[PDB]
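See below for structure-v8.cif, which holds mmCIF, N, CA, C and O atoms.
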```cif
data_entry
#
loop_
_atom_site.label_atom_id
_atom_site.label_comp_id
_atom_site.auth_asym_id
_atom_site.auth_seq_id
_atom_site.Cartn_x
_atom_site.Cartn_y
_atom_site.Cartn_z
N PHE A 1 0.81 -1.21 0.00
CA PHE A 1 0.00 0.00 0.00
C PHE A 1 0.85 1.26 0.00
O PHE A 1 0.34 2.33 -0.37
N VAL A 2 2.11 1.16 0.41
CA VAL A 2 3.00 2.31 0.36
C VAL A 2 3.29 2.70 -1.08
O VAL A 2 3.56 3.86 -1.38
N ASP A 3 3.23 1.73 -2.00
CA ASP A 3 3.20 2.10 -3.41
C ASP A 3 1.85 2.68 -3.79
O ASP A 3 1.78 3.62 -4.59
N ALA A 4 0.77 2.16 -3.21
CA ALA A 4 -0.57 2.55 -3.61
C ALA A 4 -0.98 3.92 -3.08
O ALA A 4 -2.02 4.43 -3.50
N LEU A 5 -0.19 4.53 -2.20
CA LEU A 5 -0.54 5.84 -1.67
C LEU A 5 -0.37 6.96 -2.69
O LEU A 5 -0.73 8.10 -2.39
N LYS A 6 0.18 6.69 -3.87
CA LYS A 6 0.10 7.65 -4.96
C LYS A 6 -1.26 7.66 -5.63
O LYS A 6 -1.52 8.53 -6.46
N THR A 7 -2.13 6.71 -5.29
CA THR A 7 -3.46 6.61 -5.86
C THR A 7 -4.56 6.88 -4.85
O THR A 7 -5.51 7.60 -5.17
N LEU A 8 -4.45 6.33 -3.64
CA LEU A 8 -5.51 6.40 -2.64
C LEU A 8 -5.77 7.82 -2.14
O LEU A 8 -6.88 8.11 -1.69
N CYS A 9 -4.78 8.70 -2.21
CA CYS A 9 -4.92 10.05 -1.70
C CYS A 9 -5.43 11.03 -2.75
O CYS A 9 -5.45 12.24 -2.50
N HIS A 10 -5.84 10.54 -3.90
CA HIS A 10 -6.41 11.47 -4.86
C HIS A 10 -7.86 11.77 -4.51
O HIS A 10 -8.59 10.87 -4.09
N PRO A 11 -8.31 13.02 -4.67
CA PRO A 11 -9.70 13.36 -4.32
C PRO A 11 -10.76 12.76 -5.23
O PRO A 11 -11.95 12.91 -4.92
N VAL A 12 -10.38 12.09 -6.32
CA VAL A 12 -11.38 11.49 -7.21
C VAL A 12 -12.08 10.33 -6.53
O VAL A 12 -13.24 10.03 -6.85
N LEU A 13 -11.42 9.65 -5.60
CA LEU A 13 -12.10 8.66 -4.79
C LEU A 13 -12.93 9.29 -3.68
O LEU A 13 -13.78 8.61 -3.10
N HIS A 14 -12.71 10.56 -3.39
CA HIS A 14 -13.43 11.22 -2.32
C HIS A 14 -14.31 12.31 -2.89
O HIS A 14 -14.34 13.43 -2.39
N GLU A 15 -15.00 11.99 -3.99
CA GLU A 15 -15.97 12.91 -4.58
C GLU A 15 -17.10 12.07 -5.14
O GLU A 15 -17.06 11.65 -6.31
N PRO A 16 -18.13 11.81 -4.35
CA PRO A 16 -19.20 10.92 -4.80
C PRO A 16 -20.31 11.64 -5.54
O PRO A 16 -21.41 11.09 -5.69
N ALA A 17 -20.05 12.87 -5.98
CA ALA A 17 -21.08 13.64 -6.67
C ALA A 17 -21.54 13.04 -7.99
O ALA A 17 -22.76 13.05 -8.24
N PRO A 18 -20.68 12.48 -8.87
CA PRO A 18 -21.25 11.69 -9.97
C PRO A 18 -21.90 10.40 -9.51
O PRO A 18 -22.85 9.94 -10.15
N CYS A 19 -21.42 9.81 -8.41
CA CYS A 19 -22.06 8.61 -7.88
C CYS A 19 -23.45 8.92 -7.34
O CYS A 19 -24.41 8.18 -7.62
N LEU A 20 -23.58 10.00 -6.57
CA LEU A 20 -24.89 10.44 -6.10
C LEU A 20 -25.78 10.85 -7.27
O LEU A 20 -27.00 10.60 -7.24
N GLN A 21 -25.19 11.43 -8.31
CA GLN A 21 -25.97 11.81 -9.49
C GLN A 21 -26.51 10.58 -10.21
O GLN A 21 -27.67 10.57 -10.63
N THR A 22 -25.71 9.52 -10.31
CA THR A 22 -26.18 8.29 -10.94
C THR A 22 -27.23 7.59 -10.08
O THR A 22 -28.19 7.01 -10.60
N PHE A 23 -27.06 7.63 -8.76
CA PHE A 23 -28.06 7.07 -7.86
C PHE A 23 -29.37 7.83 -7.94
O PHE A 23 -30.45 7.24 -7.80
N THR A 24 -29.30 9.14 -8.17
CA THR A 24 -30.51 9.92 -8.41
C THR A 24 -31.11 9.60 -9.78
O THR A 24 -32.33 9.65 -9.95
N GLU A 25 -30.26 9.29 -10.76
CA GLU A 25 -30.75 8.88 -12.07
C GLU A 25 -31.48 7.55 -11.99
O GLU A 25 -32.43 7.32 -12.76
N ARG A 26 -31.07 6.66 -11.09
CA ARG A 26 -31.84 5.44 -10.89
C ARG A 26 -33.12 5.72 -10.12
O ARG A 26 -34.11 5.00 -10.29
N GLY A 27 -33.12 6.74 -9.27
CA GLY A 27 -34.32 7.20 -8.62
C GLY A 27 -34.83 6.25 -7.56
O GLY A 27 -34.07 5.51 -6.93
N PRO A 28 -36.15 6.24 -7.35
CA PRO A 28 -36.74 5.42 -6.29
C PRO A 28 -36.71 3.95 -6.67
O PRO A 28 -36.52 3.61 -7.85
N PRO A 29 -36.86 3.05 -5.70
CA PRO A 29 -37.01 1.63 -6.04
C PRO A 29 -38.31 1.37 -6.77
O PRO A 29 -39.30 2.08 -6.61
N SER A 30 -38.30 0.33 -7.60
CA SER A 30 -39.41 -0.02 -8.47
C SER A 30 -40.06 -1.35 -8.13
O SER A 30 -41.28 -1.48 -8.24
N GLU A 31 -39.27 -2.34 -7.73
CA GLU A 31 -39.80 -3.65 -7.39
C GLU A 31 -40.56 -3.56 -6.06
O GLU A 31 -40.12 -2.86 -5.14
N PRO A 32 -41.72 -4.22 -5.94
CA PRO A 32 -42.54 -4.05 -4.73
C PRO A 32 -41.92 -4.63 -3.47
O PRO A 32 -42.15 -4.08 -2.38
N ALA A 33 -41.13 -5.71 -3.58
CA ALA A 33 -40.51 -6.30 -2.39
C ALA A 33 -39.45 -5.39 -1.79
O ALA A 33 -39.14 -5.51 -0.60
N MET A 34 -38.90 -4.47 -2.58
CA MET A 34 -38.07 -3.39 -2.06
C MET A 34 -38.83 -2.08 -2.02
O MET A 34 -38.31 -1.02 -2.37
N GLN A 35 -40.11 -2.13 -1.64
CA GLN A 35 -40.83 -0.95 -1.21
C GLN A 35 -40.93 -0.87 0.31
O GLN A 35 -41.74 -0.10 0.83
N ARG A 36 -40.13 -1.66 1.02
CA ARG A 36 -40.18 -1.74 2.47
C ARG A 36 -38.99 -1.09 3.16
O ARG A 36 -38.75 -1.37 4.34
N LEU A 37 -38.22 -0.26 2.45
CA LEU A 37 -37.01 0.33 3.01
C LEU A 37 -36.94 1.84 2.83
O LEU A 37 -35.97 2.45 3.28
N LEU A 38 -37.94 2.45 2.20
CA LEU A 38 -37.98 3.90 2.02
C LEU A 38 -38.50 4.63 3.24
O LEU A 38 -38.74 5.85 3.17
N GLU A 39 -38.68 3.94 4.36
CA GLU A 39 -39.19 4.56 5.59
C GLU A 39 -38.03 5.00 6.48
O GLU A 39 -37.94 4.68 7.66
N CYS A 40 -37.12 5.75 5.87
CA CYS A 40 -36.10 6.51 6.57
C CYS A 40 -36.43 7.97 6.37
O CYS A 40 -36.55 8.43 5.23
N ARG A 41 -36.63 8.69 7.47
CA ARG A 41 -37.06 10.08 7.42
C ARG A 41 -36.01 10.95 8.10
O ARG A 41 -35.82 10.86 9.32
N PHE A 42 -35.33 11.77 7.32
CA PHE A 42 -34.43 12.80 7.84
C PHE A 42 -35.18 14.12 7.69
O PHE A 42 -35.29 14.67 6.60
N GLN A 43 -35.75 14.60 8.80
CA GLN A 43 -36.52 15.83 8.81
C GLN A 43 -35.97 16.78 9.87
O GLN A 43 -34.88 16.56 10.41
N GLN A 44 -36.71 17.85 10.16
CA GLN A 44 -36.32 18.82 11.18
C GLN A 44 -37.40 18.90 12.25
O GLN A 44 -38.60 18.84 11.94
N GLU A 45 -36.97 19.05 13.50
CA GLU A 45 -37.87 19.12 14.64
C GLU A 45 -37.13 19.83 15.77
O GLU A 45 -35.90 19.85 15.79
N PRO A 46 -37.86 20.46 16.70
CA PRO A 46 -37.19 21.09 17.85
C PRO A 46 -36.60 20.06 18.80
O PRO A 46 -36.96 18.88 18.80
N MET A 47 -35.68 20.54 19.63
CA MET A 47 -34.96 19.69 20.57
C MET A 47 -35.17 20.12 22.02
O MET A 47 -34.42 19.70 22.90
N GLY A 48 -36.16 20.97 22.27
CA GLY A 48 -36.34 21.54 23.59
C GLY A 48 -36.78 20.55 24.65
O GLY A 48 -36.01 20.20 25.55
N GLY A 49 -38.01 20.07 24.54
CA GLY A 49 -38.53 19.13 25.51
C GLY A 49 -38.39 17.70 25.04
O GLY A 49 -39.23 16.85 25.35
N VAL B 1 -48.05 -14.65 5.67
CA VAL B 1 -46.86 -15.48 5.69
C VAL B 1 -46.49 -15.92 4.27
O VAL B 1 -45.31 -16.11 3.97
N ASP B 2 -47.47 -15.99 3.36
CA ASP B 2 -47.15 -16.29 1.97
C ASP B 2 -46.45 -15.11 1.31
O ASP B 2 -45.52 -15.31 0.52
N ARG B 3 -46.86 -13.89 1.63
CA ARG B 3 -46.17 -12.72 1.10
C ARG B 3 -44.76 -12.62 1.66
O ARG B 3 -43.82 -12.28 0.93
N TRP B 4 -44.59 -12.96 2.94
CA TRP B 4 -43.25 -12.98 3.53
C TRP B 4 -42.37 -14.04 2.90
O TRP B 4 -41.18 -13.81 2.66
N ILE B 5 -42.95 -15.21 2.59
CA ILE B 5 -42.18 -16.29 1.97
C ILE B 5 -41.79 -15.92 0.55
O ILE B 5 -40.64 -16.13 0.14
N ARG B 6 -42.71 -15.32 -0.21
CA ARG B 6 -42.39 -14.89 -1.57
C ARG B 6 -41.38 -13.77 -1.59
O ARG B 6 -40.59 -13.66 -2.54
N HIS B 7 -41.35 -12.93 -0.55
CA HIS B 7 -40.30 -11.93 -0.48
C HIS B 7 -38.97 -12.55 -0.11
O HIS B 7 -37.93 -12.17 -0.66
N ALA B 8 -38.98 -13.52 0.81
CA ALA B 8 -37.73 -14.08 1.30
C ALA B 8 -37.07 -14.99 0.27
O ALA B 8 -35.84 -15.08 0.22
N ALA B 9 -37.87 -15.67 -0.54
CA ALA B 9 -37.31 -16.55 -1.56
C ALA B 9 -37.04 -15.85 -2.88
O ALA B 9 -36.44 -16.46 -3.77
N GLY B 10 -37.49 -14.61 -3.04
CA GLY B 10 -37.29 -13.87 -4.27
C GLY B 10 -38.28 -14.18 -5.37
O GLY B 10 -38.46 -13.35 -6.27
N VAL B 11 -38.94 -15.34 -5.32
CA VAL B 11 -39.89 -15.71 -6.36
C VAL B 11 -41.17 -14.89 -6.19
O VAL B 11 -41.65 -14.66 -5.07
N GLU B 12 -41.70 -14.40 -7.31
CA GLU B 12 -42.90 -13.58 -7.27
C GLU B 12 -44.14 -14.43 -6.99
O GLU B 12 -44.09 -15.66 -6.90
N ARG B 13 -45.26 -13.74 -6.86
CA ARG B 13 -46.56 -14.37 -6.69
C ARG B 13 -47.01 -14.97 -8.02
O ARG B 13 -46.43 -14.70 -9.07
N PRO B 14 -48.04 -15.83 -8.01
CA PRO B 14 -48.68 -16.16 -9.29
C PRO B 14 -49.41 -14.98 -9.90
O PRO B 14 -49.52 -14.90 -11.13
N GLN B 15 -49.89 -14.05 -9.05
CA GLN B 15 -50.66 -12.87 -9.45
C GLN B 15 -51.93 -13.26 -10.22
O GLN B 15 -52.21 -12.71 -11.28
N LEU B 16 -52.66 -14.23 -9.66
CA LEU B 16 -54.01 -14.62 -10.09
C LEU B 16 -54.06 -15.08 -11.55
O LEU B 16 -54.56 -14.39 -12.45
N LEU B 17 -53.46 -16.24 -11.80
CA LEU B 17 -53.73 -16.94 -13.05
C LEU B 17 -55.20 -17.29 -13.15
O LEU B 17 -55.82 -17.73 -12.17
N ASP B 18 -55.78 -17.06 -14.32
CA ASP B 18 -57.16 -17.44 -14.56
C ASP B 18 -57.29 -18.96 -14.58
O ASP B 18 -56.31 -19.68 -14.83
N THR B 19 -58.50 -19.44 -14.31
CA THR B 19 -58.73 -20.88 -14.22
C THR B 19 -58.57 -21.57 -15.58
O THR B 19 -58.16 -22.73 -15.65
N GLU B 20 -58.88 -20.85 -16.66
CA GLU B 20 -58.55 -21.38 -17.98
C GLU B 20 -57.04 -21.42 -18.20
O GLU B 20 -56.52 -22.35 -18.81
N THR B 21 -56.32 -20.44 -17.64
CA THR B 21 -54.86 -20.51 -17.69
C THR B 21 -54.34 -21.58 -16.74
O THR B 21 -53.26 -22.13 -16.95
N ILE B 22 -55.12 -21.92 -15.71
CA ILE B 22 -54.74 -23.02 -14.83
C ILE B 22 -54.87 -24.35 -15.56
O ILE B 22 -53.99 -25.22 -15.47
N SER B 23 -55.96 -24.53 -16.31
CA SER B 23 -56.11 -25.75 -17.10
C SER B 23 -55.12 -25.78 -18.26
O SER B 23 -54.68 -26.85 -18.69
N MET B 24 -54.73 -24.60 -18.75
CA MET B 24 -53.60 -24.49 -19.67
C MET B 24 -52.31 -24.99 -19.04
O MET B 24 -51.56 -25.75 -19.65
N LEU B 25 -52.03 -24.55 -17.81
CA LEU B 25 -50.76 -24.87 -17.17
C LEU B 25 -50.70 -26.34 -16.79
O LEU B 25 -49.63 -26.95 -16.82
N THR B 26 -51.84 -26.93 -16.43
CA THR B 26 -51.84 -28.36 -16.18
C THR B 26 -51.94 -29.13 -17.49
O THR B 26 -51.74 -30.35 -17.51
N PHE B 27 -52.25 -28.44 -18.59
CA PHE B 27 -52.06 -29.03 -19.91
C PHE B 27 -50.62 -28.87 -20.38
O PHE B 27 -50.09 -29.71 -21.10
N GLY B 28 -49.97 -27.78 -19.96
CA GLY B 28 -48.58 -27.55 -20.29
C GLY B 28 -48.31 -26.10 -20.65
O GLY B 28 -49.01 -25.53 -21.49
N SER B 29 -47.29 -25.49 -20.03
CA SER B 29 -46.97 -24.10 -20.31
C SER B 29 -45.51 -23.83 -19.99
O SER B 29 -44.92 -24.46 -19.11
N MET B 30 -44.93 -22.88 -20.72
CA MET B 30 -43.54 -22.45 -20.51
C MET B 30 -43.58 -21.14 -19.74
O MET B 30 -43.58 -20.06 -20.31
N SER B 31 -43.60 -21.25 -18.41
CA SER B 31 -43.75 -20.07 -17.58
C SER B 31 -42.46 -19.27 -17.51
O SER B 31 -42.46 -18.05 -17.72
N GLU B 32 -41.35 -19.93 -17.21
CA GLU B 32 -40.10 -19.24 -16.91
C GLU B 32 -39.47 -18.69 -18.18
O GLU B 32 -39.26 -19.43 -19.14
N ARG B 33 -39.17 -17.40 -18.16
CA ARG B 33 -38.52 -16.77 -19.29
C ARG B 33 -37.02 -17.08 -19.27
O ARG B 33 -36.49 -17.67 -18.33
N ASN B 34 -36.35 -16.68 -20.35
CA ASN B 34 -34.91 -16.82 -20.42
C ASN B 34 -34.24 -15.78 -19.53
O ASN B 34 -34.84 -14.78 -19.13
N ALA B 35 -32.97 -16.02 -19.23
CA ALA B 35 -32.21 -15.11 -18.39
C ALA B 35 -31.70 -13.94 -19.22
O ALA B 35 -32.04 -13.77 -20.40
N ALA B 36 -30.86 -13.09 -18.62
CA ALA B 36 -30.28 -11.98 -19.36
C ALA B 36 -29.21 -12.48 -20.32
O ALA B 36 -29.24 -12.15 -21.51
N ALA B 37 -28.28 -13.29 -19.83
CA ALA B 37 -27.22 -13.84 -20.65
C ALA B 37 -26.72 -15.11 -19.99
O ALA B 37 -26.67 -15.20 -18.76
N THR B 38 -26.36 -16.10 -20.81
CA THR B 38 -25.78 -17.34 -20.32
C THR B 38 -24.47 -17.56 -21.04
O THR B 38 -24.42 -17.51 -22.27
N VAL B 39 -23.41 -17.80 -20.28
CA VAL B 39 -22.10 -18.07 -20.85
C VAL B 39 -21.74 -19.55 -20.73
O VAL B 39 -21.12 -20.11 -21.63
N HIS B 40 -22.18 -20.22 -19.66
CA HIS B 40 -21.87 -21.63 -19.53
C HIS B 40 -22.85 -22.48 -20.32
O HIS B 40 -22.47 -23.18 -21.26
N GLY B 41 -24.13 -22.42 -19.96
CA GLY B 41 -25.12 -23.22 -20.66
C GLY B 41 -26.46 -23.13 -19.96
O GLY B 41 -26.66 -22.31 -19.06
N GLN B 42 -27.38 -23.97 -20.41
CA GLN B 42 -28.69 -24.04 -19.78
C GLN B 42 -28.57 -24.70 -18.41
O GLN B 42 -27.80 -25.65 -18.22
N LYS B 43 -29.33 -24.19 -17.45
CA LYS B 43 -29.17 -24.62 -16.07
C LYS B 43 -29.89 -25.94 -15.81
O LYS B 43 -30.87 -26.27 -16.47
N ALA B 44 -29.38 -26.67 -14.83
CA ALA B 44 -29.90 -27.99 -14.50
C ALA B 44 -29.47 -28.36 -13.10
O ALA B 44 -28.27 -28.41 -12.83
N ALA B 45 -30.45 -28.62 -12.22
CA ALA B 45 -30.25 -29.20 -10.90
C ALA B 45 -31.61 -29.59 -10.35
O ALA B 45 -32.65 -29.16 -10.86
N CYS B 46 -31.60 -30.40 -9.29
CA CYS B 46 -32.82 -30.69 -8.55
C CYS B 46 -32.45 -30.98 -7.11
O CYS B 46 -31.31 -30.81 -6.69
N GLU B 47 -33.43 -31.44 -6.33
CA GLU B 47 -33.28 -31.49 -4.89
C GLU B 47 -34.02 -32.69 -4.32
O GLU B 47 -35.14 -32.99 -4.74
N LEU B 48 -33.41 -33.35 -3.34
CA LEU B 48 -34.01 -34.51 -2.70
C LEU B 48 -33.51 -34.60 -1.27
O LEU B 48 -32.31 -34.46 -1.02
N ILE B 49 -34.43 -34.83 -0.34
CA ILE B 49 -34.17 -34.79 1.10
C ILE B 49 -33.68 -36.16 1.55
O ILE B 49 -34.18 -37.19 1.09
#
```
Before anything else, please render the file you have as structure tokens.
Amino acid sequence: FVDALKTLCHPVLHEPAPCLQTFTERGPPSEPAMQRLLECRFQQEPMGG
Amino acid sequence: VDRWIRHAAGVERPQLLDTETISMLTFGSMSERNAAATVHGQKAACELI
């Protein structure tokens, strides 16, 4: 890996923006048996009480 | 439990074959389609307890 550190430290492995873009191009799941995993909700709410 | 089994095994439902299609299938039918690509050959195995 000491040879491989000329490759691993490049930011092209640390830029998932085309990867996220392709995942958005695939969009939501289509098969019904994988309609059971979209129940992850990242929303906003107060933290007071 | 049948929906859970069909999800766990990956195989889909029958999705309501008509009774004339049932008499067709007990007369004979080619239900399973071909795969995407085969490089080795046509598949063959069975199972016995």
Q: Kindly resolve the PyMOL selection byres ((chain A and name CA) within 10 of (chain B and name CA)) on the present coordinates and return the residues as an MDAnalysis selection string.
A: chainID A and resid 32:34
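As for atom CA of residue B:14 and atom O of residue B:1, they are spaced 13.7 Å apart.
Assigned to helix (DSSP H, G or I) in chain B, given DSSP computed from backbone atoms, are residues 2, 3, 4, 5, 6, 7, 8, 9, 19, 20, 21, 22, 23, 24, 25, 26 and 27 of chain B.
If you look at atom N of residue A:18 and atom N of residue A:5, they are 23.0 Å away from each other.
Taking atom N of residue B:27 as the reference point, atom N of residue B:15 is found at 17.4 Å.
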